[PDB]
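Before any questions on binding or motion, here is one chain by itself as structure tokens, the form deposited in one PDB entry.
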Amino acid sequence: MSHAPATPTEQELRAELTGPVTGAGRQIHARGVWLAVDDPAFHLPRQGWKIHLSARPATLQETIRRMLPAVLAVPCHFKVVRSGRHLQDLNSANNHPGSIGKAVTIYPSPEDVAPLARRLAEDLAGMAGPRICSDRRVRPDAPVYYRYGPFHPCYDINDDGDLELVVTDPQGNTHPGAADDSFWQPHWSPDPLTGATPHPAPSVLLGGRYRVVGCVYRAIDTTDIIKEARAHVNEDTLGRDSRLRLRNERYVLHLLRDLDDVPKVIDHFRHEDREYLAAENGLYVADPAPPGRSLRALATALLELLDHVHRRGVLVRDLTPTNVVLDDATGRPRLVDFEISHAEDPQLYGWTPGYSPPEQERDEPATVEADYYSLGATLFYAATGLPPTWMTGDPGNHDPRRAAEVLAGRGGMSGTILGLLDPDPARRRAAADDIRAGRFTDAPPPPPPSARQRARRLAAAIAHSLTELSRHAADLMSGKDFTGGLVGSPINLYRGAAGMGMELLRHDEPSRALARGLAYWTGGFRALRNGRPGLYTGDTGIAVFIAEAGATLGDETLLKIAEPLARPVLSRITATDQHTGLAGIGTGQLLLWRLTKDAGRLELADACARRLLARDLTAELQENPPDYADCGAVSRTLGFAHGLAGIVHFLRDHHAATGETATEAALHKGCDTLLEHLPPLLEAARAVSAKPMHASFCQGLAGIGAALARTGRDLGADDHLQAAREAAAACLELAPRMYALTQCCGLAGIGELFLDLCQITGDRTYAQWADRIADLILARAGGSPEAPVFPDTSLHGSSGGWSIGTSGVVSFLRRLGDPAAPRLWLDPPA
């Protein structure tokens, strides 16, 4: 009928290896998912040329059997994927695209690289496997590839503060390796086979088959969309390839005559190791995608059943806001994906929308009925402008928590989509949206908040968040996440220990002890290691965290560890930015100067300010981009990070500390320029086409307004405070469609602006606005009440970083319950 290829066990591979390996004196150690074999009398260098062997689970055992002679002849180290399942994951694109096909890795002596490769090309013959993109291939008939890279895990720091695997040139410079999933030729070592050292150069496309616009492309026939599949990638337990997925598609594309207006024409061809088959809705320039801006917007909803009635035994099983397109009005319905539109015994495994499918796309049988949870979920993203909330591991990944949007409005669908997103009963797709509203249509019935019990909720949140932080911190310091080609900074403010620690210092004695441990761990990690001087990415924020921990905890040794930490050579620094440049360094040095009272820190801030004042005319840029089109350089010009708002912020702090008149002149000039360019981006924010970027703290109105509020207070100007008020209003309107909950790009920065205005002005109105932001945050959270988990930038996982994770959220929530509590990193300490 339909069969299942061999999936080797770890035991069978161990068996295929044990005999010959013991023969040559080499030995097997299991580590990660790579049964490795070490050979004495072969010292592994640290970089060089390496051989990769591609394979499928089915072929893995034979790949091992036919390689051992060659690899055991020459002294070398090597490793083989743990078992067949680990290889199916490795050859799956969702996990790690650049690691597909690297079933075996062999590290030999340099002189022996070229022979082995060829010697392994022979004996491997026509055995097939996914083509390894990051590497070159010995011959197209064999699954042997090679590349230059690290053999040991040596990391260096990038200009973002993060850590990347590197090789080192003969001058010692670190070059980032194994990135961009493209072959990179070292200029100091020759291609051991071509004998040549190519050079990189820069020198939508003429596909030759059909000249037209990484396995997808857009097209128009060279005569009058070409989906691509790479061989042996995404192989099912039934040996079902991505090319076979295209074949299922071609089937339904020829079974398309009824409702054929919706999908496209077809054409099938193949080349080498790949095959090809022939209005971009989900982009919400229009916020509720208004059918006609009328009171009723069930038009799109009934249009869904328009294609539901197609029947034909075709179960899309994957109806996402990216799987919808509609030229003009509700007419001209279009759709362009059916890879998993099959209920026959060959039922392809989906769960493709991390969030939008039912709880029963666990390969459980398919049902148009089940396509309801994709319908309703689609409807959710239709109203909210944002996906429903799903998190890897959420015991309540499907629940009335979605009701916590309770916006409706455009069509007021409400309880209909609740049934349409209910559990298995399906409510019969809530009566098939009640036969296109013929039977019924529901009205929004939001519940009433429990008044002071809100506080209970809030309390619980912080409480649980604290415990969650304690987990993340342990995962950080134990090196759990210290794997891969890119490792997020384990110490910087943005995502590292310093960001978390600072917040945990302001909480209970256990959380303070966690911050103490984090301080000492950061100190250790930073010693005898490369770094960057920035505030949000680099040494300045780190030093601030350690010194403040030494202060509030009364730990002299912490202050001693921080004393020499952030004293850079400003002459080398060229950026003028809070995030990485001189402005952020100046502010952090002023914070350290207030805690330590070390004159050198004030001198550093003064030096920052002088170098900044030198480029005051260079702060005046004639080119302006009020539209987000191409580079939304609102962030690169006016945002708190990368922009003038943070520069102004630091100049204000410097004047407040010293009183130097030069800083005052430049401050007034920058403030005036910001106010000149404010009205346009305000209008852009108020438009319907606005994007959450316009309200973001890092890049948008929230940061600009925080800066201008502090300026209005300290300078006495009230035009600044009013600018901040208008900014805050725009942010309040854009808050319910924010993508993230974080400080940098999400709701936390909005609410922090509101709290700033309440503390400066005194208008408890902004406190109500902030309470609304916190309510949105608690609703958009996952997990359960008394145990809420907050999604980070991934939208499905949790993390502890301050600006992109849970600790910043905890900062906002904490500050909600303690007025007159300074804003971290923007206001001075108590």
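Whichever C-alpha set is largest while still superposing within 1.5 Å between the two forms counts as the rigid core. A residue's number is simply how far along the shown sequence it sits, counting from 1.
The same protein also exists as the form deposited in another entry; that form is not shown, yet it is the one meant from here on.
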property	result
Displaced position between the shown form and the other one, chosen from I760, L570, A662, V406 (C-alpha, 2 Å or more, rigid core)	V406
Core fit, then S470 C-alpha moves 2 Å or more between the shown form and the other one	no
Large Cα shift (2 Å or above) at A451 between the shown form and the other one, core-fitted	yes
Core-superposed comparison between the shown form and the other one, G354 Cα displacement 2 Å or beyond	yes
Sense of the change in Cα distance from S356 to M738 in that other deposited form - at least 3 Å versus the shown form	farther
In that other deposited form, whether the C-alpha atoms of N624 and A706 sit closer or farther than here (change of 3 Å or more)	farther
